[PDB]
Amino acid sequence: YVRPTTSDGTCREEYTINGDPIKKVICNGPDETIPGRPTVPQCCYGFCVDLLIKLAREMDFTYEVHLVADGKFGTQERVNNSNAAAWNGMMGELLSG
Amino acid sequence: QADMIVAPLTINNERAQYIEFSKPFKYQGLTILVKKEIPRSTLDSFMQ
Amino acid sequence: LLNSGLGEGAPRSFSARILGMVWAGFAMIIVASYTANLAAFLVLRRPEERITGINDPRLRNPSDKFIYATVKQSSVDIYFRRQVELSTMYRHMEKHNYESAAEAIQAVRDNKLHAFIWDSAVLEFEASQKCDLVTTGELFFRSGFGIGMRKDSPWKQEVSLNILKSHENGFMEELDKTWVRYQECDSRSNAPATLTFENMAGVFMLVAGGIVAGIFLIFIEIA
Amino acid sequence: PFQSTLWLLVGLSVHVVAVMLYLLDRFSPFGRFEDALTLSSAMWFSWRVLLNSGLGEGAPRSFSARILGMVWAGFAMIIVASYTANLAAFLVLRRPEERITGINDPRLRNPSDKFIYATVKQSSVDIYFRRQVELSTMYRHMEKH
Amino acid sequence: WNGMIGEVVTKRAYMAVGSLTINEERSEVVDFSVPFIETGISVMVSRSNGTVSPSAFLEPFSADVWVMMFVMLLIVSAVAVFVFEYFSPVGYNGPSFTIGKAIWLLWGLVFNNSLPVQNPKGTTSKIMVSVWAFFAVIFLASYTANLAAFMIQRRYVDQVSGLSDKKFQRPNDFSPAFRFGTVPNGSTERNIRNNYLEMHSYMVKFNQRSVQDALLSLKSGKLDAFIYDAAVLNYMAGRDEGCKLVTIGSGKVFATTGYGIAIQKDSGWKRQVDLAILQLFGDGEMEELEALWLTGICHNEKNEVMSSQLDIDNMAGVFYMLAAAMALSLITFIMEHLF
Amino acid sequence: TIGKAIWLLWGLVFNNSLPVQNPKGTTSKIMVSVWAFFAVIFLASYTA
Ligand SMILES: N[C@@H](CCC(=O)O)C(=O)O
């Protein structure tokens, strides 16, 4: 769950409906309203976020979460290119450096 | 002593590979249903 | 409670008024719940212990307490021989089978065998004649019954034309019309009101018991 | 479920019984005042046996009104029991139609231009529909739009 | 002869497939072989001939509840009147006054006692009234539950045991209009034409063109009956959008045939080709192709039909019984006036 | 008239039960008939 940062500070602090504090992390993501893709600092929270926090506290390491834009089809070069060779695009979808 | 059979026999390649057969007159399949039993009471004095 | 009366008065106090209101409400609750349980008892289609359709899962599962016997030495053995799909069950169903048709049809109805594997040709006739069995709707593994003659017999074309003309005029409709009798019982829950008089008699005997009990009551009254 | 002509026939039977109770016993031709006596009483008897009312003052002495009241009460039980049966049949509708199949729907294998089965374009569903070989005749139809 | 079969005569088609039912014409102008699928002539609508559903009110009685109710009224009235109602030696008109009021009291208790009438004095009579009221509410609960449970069951238009009915001979039999026809230039036109001259002469005025036009005619209300091939009716009725109309019965059609092939001169494989068909049943391809191509949409054990209420009859029949009891009360009134 | 009216209506709702008595006005009898119609309709909808 991606939620924009309120005002000009950090995330919005709240609770759940059963009596448990919810944790939010910092995540930079674009915006779908503006035609461009600016770096919009927002706050992410959800199941995968809590799992990443659990794995982050069960193992001594530092991480940095980032939002991925489009391109979720393994790069299927089906367009008639101007006589050129292709290579592994998205695919396994890991090493975007 | 046999010339033509009037019994509704099946048609397969093992049987028709050595003899000529004609078109069937009734196409029916196989079933596995036996019978059905409906549980009920004849006297029925309720309070059951 | 039993909803009767006579017509002579009415409870003037409010205690018997509220008690009579909640008591009549309790009577409506018990009679509406009894009627609801009666309708729930008549709506019990038993939608259980039914079949599957074109292929039953129990046919592929080998079992020793529910043997699926069939007619030994017949066309079903050739059909189970020329196939390749259900080949793991031919060894189990190959043993313990009857080589007679009357023994199998009599065995499945005289409490002997569990089930039988046979086409609906004889099943619809014995079911429509003995009024003891019932056929299903779907007809899986369709087959045709034809007539085979010798290759050097030129009469097969003439007999074939007699069959075609026999199916074009309407003689087959007369044979099937005069040899297929539509008897009843189309489903396991189609006419629930086929008895009634026995269900009402089972209470009528208790009504007569209440009449004799009333004779005992008036015997106490005259004493 | 039933047209108003059925209730109009039910009321017509109420008029037939109402005029029948006046045709049986001998009275006198009215048409002079506004409210009658045997007509209003016969109407109160028809609404008393039909709608199941309750008000004690006597009982029909004639056997004609006795049999007519018996068959009329039976007709009332028939229409109220049949109406209750139609109510239970209306509540037992359960709507056992427009349902699904199970592990595979037959409409997914047959092409249909009026009921397009769209999906998420450029995702894992395209890879699943690409690596398969069974349902390959539908990838061309579901690939577009 | 002309058409596609002429391609076999002109030596331009060694083999052809399609909707070719085996008969005498195809087996007369050219050769034939064994069909792979069966079909026949069938009607699109169900076999009902436009009949009204019977009454469902007098069905649970079956001339048993009224008779047993009369016998129980006689024994309950007699045994109930010869215990406490006859206490002093009186004449014949004595117990009759208690019988006439007793039968009306019991009738009042059975029908929810629409009239309280009065009440006696003996406590045993009150207990018997309580028991009779218990049998009245039990009989009422079993009557409403049995009538409702019988109403939930199948009470739609049932099939009849008559294929060739009045519509296959005289056209002036049903006063409302009933249009029926088929597609001209086919095997059904020659078969019905050679079997029913009246149905053909009355059928040429109602001709179709395609299948979508027939579906639009049956959906709107222009066409009533539609007689065509069994396979086209299974695919057409199977691929329905609302699953309203259904074929005759569930698969029982007349004139069994099938779609086969036609060859020019028997000199090639021929017989082995038939064995190829015999190979299909040896591989189970008929089930996969049947459930893949021959399947429909409205395939869900079509055996029960339920909707709203049509009785624009049953209560009319009960009203007819009320008219019979009215005439009986009139004749009884004449017998009372004669004395 | 209220104490007897509520008991009369309660008697009409739960299927007669007790006829108690009856007034004299014809419009009151019509209202008793309508209340009995709502009573048998509510009873049919309650059992169904
Ligand atoms: N097979 C037929 C059409 C289908 C039907 O018999 O209605 C023909 O070729 O004329």
Got a sec? Which of D:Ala73, D:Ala85 is within 28 Å of the chain's Cα centre (by Cα) and within 9 Å of chain F (Cβ to nearest Cβ)? D:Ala85
Selection count where residues are more than 30 Å from the chain's Cα centre (by Cα), within 14 Å of chain B (Cβ to nearest Cβ) and of a type in the set (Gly, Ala, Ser), scope the range C:171-223: 3
What are the residues in the range E:1-14 that are in contact (Cβ under 8 Å) with a residue 24 or more places away in the chain and within 16 Å of the ligand (Cβ to nearest atom), if any? E:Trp1, E:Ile5, E:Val8, E:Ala13
Going by the conditions given, is E:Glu285 over 31 Å from the mean Cα position of the chain (by Cα) and free of Cβ contacts under 8 Å to residues at least 60 places away in the same chain? yes
Some residue of the range E:43-65 being assigned to a helix (DSSP H, G or I) and facing another protein chain (nearest Cβ under 7 Å): no
Quick one: is E:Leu216 away from the ligand (no atom under 16 Å from the Cβ) and within 14 Å of chain B (Cβ to nearest Cβ)? no
Residue in the range E:15-25 that is touching a residue at least 24 places away in the same chain (Cβ under 8 Å), away from chain B (no Cβ under 14 Å) and away from the ligand (no atom under 16 Å from the Cβ) present: yes
Filtering the range B:26-48 for residues that are out of contact with any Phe, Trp or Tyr (no Cβ under 7 Å at 6 or more places or on another chain) and either within 7 Å of chain C (Cβ to nearest Cβ) or farther than 30 Å from C:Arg109 by Cβ (or both) leaves a count of 15
Scan the range E:26-53 for residues that are away from the ligand (no atom under 14 Å from the Cβ), over 16 Å from E:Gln264 (Cα atoms) and of a type in the set (S, T, N, Q) and jot them down. E:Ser46, E:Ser48, E:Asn49, E:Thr51, E:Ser53
The range E:66-93 - residue that is outside any helix (DSSP H, G or I) and of a type in the set (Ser, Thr, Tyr) and, of those, farthest from C:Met200 (Cα to Cα): E:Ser88
Of those in the range E:249-271 that are under 21 Å from E:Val29 (Cβ atoms), more than 16 Å from the ligand (Cβ to nearest atom) and within 12 Å of another protein chain (Cβ to nearest Cβ), the residue nearest to the chain's Cα centre (by Cα) is E:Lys270
E:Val129 being within 12 Å of chain C (Cβ to nearest Cβ), surrounded by 15 or more Cβ atoms within 10 Å (Cβ to Cβ), assigned to a helix (DSSP H, G or I) and touching a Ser or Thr at 6+ places or on another chain (Cβ under 7 Å): yes
Given (1) part of a loop (DSSP other than H, G, I, E, B); (2) among the aliphatic types (A, V, I, L, M); (3) on the phi < 0 side of the Ramachandran plot, E:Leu105 misses just (1)
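Every residue, every condition in (1) of a type outside the set (A, V, I, L, M); (2) within 14 Å of another protein chain (Cβ to nearest Cβ); (3) free of Cβ contacts under 8 Å to residues at least 24 places away in the same chain, yes or no:
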position	(1), (2), (3)
E:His200	yes, no, yes
E:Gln212	yes, yes, yes
E:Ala230	no, yes, no
E:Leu233	no, no, no
Some residue of the range C:25-43 being at the interface with another protein chain (Cβ under 9 Å from one of its Cβ atoms) and either in a loop (DSSP other than H, G, I, E, B) or of a type in the set (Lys, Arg) (or both): yes
Residue list for the range C:65-96, restricted to those being β-branched (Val, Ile, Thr) and surrounded by 12 or more Cβ atoms within 10 Å (Cβ to Cβ): C:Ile67, C:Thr70, C:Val71, C:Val76, C:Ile78
Among the residues that make up the range C:108-120, is at least one of them facing chain B (nearest Cβ under 10 Å), of a type in the set (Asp, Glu) and under 26 Å from the mean Cα position of the chain (by Cα)? yes
Restricting to the range D:23-42, name every residue that is assigned to a helix (DSSP H, G or I) and either under 17 Å from F:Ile30 (Cβ atoms) or away from every other protein chain (no Cβ under 13 Å) (or both). D:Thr38, D:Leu39, D:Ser40, D:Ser41, D:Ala42
The range B:1-23: number of residues that are facing another protein chain (nearest Cβ under 7 Å) and under 26 Å from E:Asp283 (Cα atoms): 14
Any idea which of E:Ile192, E:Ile152 is within 12 Å of chain C (Cβ to nearest Cβ), surrounded by 15 or more Cβ atoms within 10 Å (Cβ to Cβ), under 26 Å from the mean Cα position of the chain (by Cα) and within 16 Å of the ligand (Cβ to nearest atom)? E:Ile192
Given (1) more than 29 Å from the chain's Cα centre (by Cα); (2) under 19 Å from E:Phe134 (Cβ atoms), C:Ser160 misses just (2)
Can you find a residue that is more than 12 Å from chain B (Cβ to nearest Cβ) and at negative phi anywhere in the range C:150-168? yes
Restrict the check to the range E:156-165 and report whether at least one residue is touching a residue at least 24 places away in the same chain (Cβ under 8 Å) and either within 16 Å of the ligand (Cβ to nearest atom) or facing chain C (nearest Cβ under 8 Å) (or both). yes
Restricting attention to the range C:149-169, which residues are within 17 Å of B:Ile5 (Cβ to Cβ), part of a helix (DSSP H, G or I) and of a type in the set (A, V, I, L, M)? C:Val159, C:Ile163
Just to be sure before I move on: is E:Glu336 within 11 Å of chain D (Cβ to nearest Cβ), in a helix (DSSP H, G or I) and among the charged types (D, E, K, R) in the structure I sent? yes
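All Cβ positions, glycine included, derive from the backbone under ideal geometry; neighbour counts span all protein chains shown. None of the figures in this text is laboratory data; all of them are computed from the coordinates on show.
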